[PDB]
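S.K.: Quick one: the structure is below, and I'll ask about it shortly.
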Amino acid sequence: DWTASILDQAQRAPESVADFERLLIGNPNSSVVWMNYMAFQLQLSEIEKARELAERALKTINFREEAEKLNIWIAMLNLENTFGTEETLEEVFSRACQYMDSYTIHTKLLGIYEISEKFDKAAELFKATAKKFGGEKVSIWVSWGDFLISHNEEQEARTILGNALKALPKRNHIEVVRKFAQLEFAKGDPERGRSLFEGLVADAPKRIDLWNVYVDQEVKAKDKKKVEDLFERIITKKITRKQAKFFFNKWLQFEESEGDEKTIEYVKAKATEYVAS
């Protein structure tokens with residue numbers, strides 16, 4: 001099952017050495033066999049042998065199987081994090097960035113630190129990863145904001161969103177703010193998400209997809225009066241007839257999930273007389 005989690009982070013059963021070496025005869029490119037073989041050795045606390053197996057996998061798996069290679073590198077990161085030392089993990093990490101996509105490897109160690117609840121080490125790696133890649137990747141900011149909101153550091157999250165804006169190209173500013181806003185609804189302060197969305201539609205009033213994401217968040221949170229205020233703001237905006245049907249349909253359909261047939265008629269009435277205009 002140790003390999004089930006490696007496969008997760010990457011996005012007649014064999015019971016002996018001879019069994020695995022026999023499996024590896026016909027399946028040299030299978031990272032799953034190699035990881036199971038590593039887990040077998042790890043369950044017997046045979047750490048050096050597990051490490052040697054990973055080295056073999058790196059040389060034995062066909063060089064074009066980058067996905068199988070990634071699994072091994074993640075398996076080594078996990079192995080070193082759990083059974084090795086700071087220095088032993090650092091070497092594997094630096095080596096893995098050499099051979100695979102460095103940002104991806106950075107992302108995987110972050111996920112590993114979180115899983116093993118080395119929160120302090122996650123926070124330091126976030127800072128370093130955002131310094132190296134933050135000018136290019138919005139995901140590092142979102143993931144770092146996620147971390148901070150999950151550890152009840154709202155104000156630090158605002159600071160990080162500020163630094164994300166200074167570092168990212170202007171063309172990504174709406175996206176990073178939009179994902180911090182969704183993060184606040186999901187894990188943090190919805191009032192803070194509301195404020196972020198307000199600023200987005202304040203600056204890009206014609207970005208009608210933003211009005212949509214915004215009302216999806218308000219619906220998912222189920223404050224029906226804020227959902228209704230938002231729906232009625234939206235239809236007094238620069239939208240096409242095609243889009244107007246969509247928002248009225250979504251409005252109606254939400255009220256059908258609220259059991260208020262007085263307002264569900266209100267929408268039909270007001271929807272149909274919108275088409276009038």
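For the structure tokens, the naming scheme is as follows: chains receive sequential letters (A, B, ...) according to their order of presentation, residues are indexed from 1 within each chain, and ligands are indexed from 1 in presentation order.
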So that I can check the surroundings of residue 43 of chain A, please list as a tab-separated table (two decimals) with N, CA, C and O atoms, in the first residue's frame every protein, DNA and RNA residue that reaches within 12 Å of it, counting only C-alpha atoms and ignoring chain neighbours fewer than 5 positions away.
M.R.:
```tsv
chain	number	residue	atom	x	y	z
A	1	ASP	N	0.84	-1.19	0.00
A	1	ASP	CA	0.00	0.00	0.00
A	1	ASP	C	0.90	1.26	0.00
A	1	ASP	O	0.47	2.36	-0.40
A	2	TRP	N	2.15	1.10	0.43
A	2	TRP	CA	3.12	2.19	0.34
A	2	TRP	C	3.21	2.73	-1.09
A	2	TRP	O	3.37	3.94	-1.29
A	15	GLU	N	6.00	-12.45	-2.74
A	15	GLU	CA	6.30	-12.48	-1.31
A	15	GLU	C	7.78	-12.60	-1.00
A	15	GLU	O	8.15	-12.56	0.17
A	35	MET	N	8.38	-0.51	-7.02
A	35	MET	CA	8.01	0.10	-5.75
A	35	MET	C	7.51	-0.95	-4.76
A	35	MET	O	7.87	-0.91	-3.58
A	36	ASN	N	6.69	-1.90	-5.24
A	36	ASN	CA	6.28	-3.01	-4.39
A	36	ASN	C	7.50	-3.74	-3.85
A	36	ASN	O	7.57	-4.05	-2.65
A	37	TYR	N	8.48	-4.00	-4.72
A	37	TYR	CA	9.73	-4.61	-4.30
A	37	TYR	C	10.44	-3.74	-3.26
A	37	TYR	O	10.96	-4.26	-2.26
A	38	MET	N	10.44	-2.41	-3.44
A	38	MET	CA	11.01	-1.51	-2.43
A	38	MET	C	10.22	-1.55	-1.13
A	38	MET	O	10.81	-1.55	-0.04
A	49	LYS	N	18.86	-1.88	1.03
A	49	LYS	CA	18.41	-2.66	-0.12
A	49	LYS	C	17.29	-1.94	-0.86
A	49	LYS	O	17.26	-1.97	-2.10
A	50	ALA	N	16.37	-1.30	-0.14
A	50	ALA	CA	15.35	-0.51	-0.81
A	50	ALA	C	15.99	0.59	-1.65
A	50	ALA	O	15.62	0.79	-2.82
A	79	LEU	N	10.93	7.61	0.72
A	79	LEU	CA	11.82	6.75	1.47
A	79	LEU	C	12.77	7.60	2.31
A	79	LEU	O	12.94	7.37	3.51
A	83	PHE	N	12.70	7.40	6.31
A	83	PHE	CA	13.74	6.58	6.92
A	83	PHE	C	15.14	7.16	6.84
A	83	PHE	O	16.05	6.59	7.45
```
S.K.: Write out as an MDAnalysis selection string the residues lying within 10 Å of residue 110 of chain A, counting only C-alpha atoms and excluding same-chain residues fewer than 3 positions away.
M.R.: chainID A and resid 104:107 113:115 118:119 121:126 129 143:144 147
S.K.: Report as a PDB file with N, CA, C and O atoms, in the first residue's frame all protein, DNA and RNA residues lying within 6 Å of residue 135 of chain A, evaluated on only C-alpha atoms, omitting residues in the same chain fewer than 2 positions from it.
M.R.:
```pdb
ATOM      1  N   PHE A 133      10.284  29.748  -8.871  1.00  0.00           N
ATOM      2  CA  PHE A 133       9.317  29.560  -9.952  1.00  0.00           C
ATOM      3  C   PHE A 133       8.126  30.505  -9.899  1.00  0.00           C
ATOM      4  O   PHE A 133       7.305  30.475 -10.824  1.00  0.00           O
ATOM      5  N   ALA A 167       4.970  39.308  -8.417  1.00  0.00           N
ATOM      6  CA  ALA A 167       5.856  38.426  -9.176  1.00  0.00           C
ATOM      7  C   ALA A 167       5.231  37.907 -10.475  1.00  0.00           C
ATOM      8  O   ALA A 167       5.957  37.667 -11.444  1.00  0.00           O
ATOM      9  N   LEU A 168       3.928  37.699 -10.526  1.00  0.00           N
ATOM     10  CA  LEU A 168       3.394  37.089 -11.740  1.00  0.00           C
ATOM     11  C   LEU A 168       3.206  38.120 -12.859  1.00  0.00           C
ATOM     12  O   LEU A 168       2.984  39.305 -12.604  1.00  0.00           O
TER      13      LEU A 168
END
```
S.K.: From the options A:130, A:200, A:54, A:271, which residue's atoms come nearest to residue 33 of chain A, counting only C-alpha atoms?
M.R.: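 For residue 33 of chain A, the nearest of the given residues is A:54.
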S.K.: So which residues touch segment 225-235 of chain A within 10 Å, counting only C-alpha atoms, skipping near sequence neighbours fewer than 5 positions away, as a ChimeraX atom specification?
M.R.: /A:208,211-212,214-220,240,243-245,247-248,250-251,254-255,263,267,271,274
S.K.: Might you pull out every residue within 12 Å of residue 76 of chain A, with only C-alpha atoms counted and same-chain residues fewer than 6 positions away left off, and present them as a ChimeraX atom specification?
M.R.: /A:2-3,6,31,34-35,38-39,42,47-48,50-55,57-58,69-70,82-84,88-96,105,108-109,112
S.K.: In Å to one decimal, how far is atom CA of residue 40 of chain A from atom CA of residue 68 of chain A?
M.R.: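 Pair atom CA of residue 68 of chain A / atom CA of residue 40 of chain A returns 18.6 Å.
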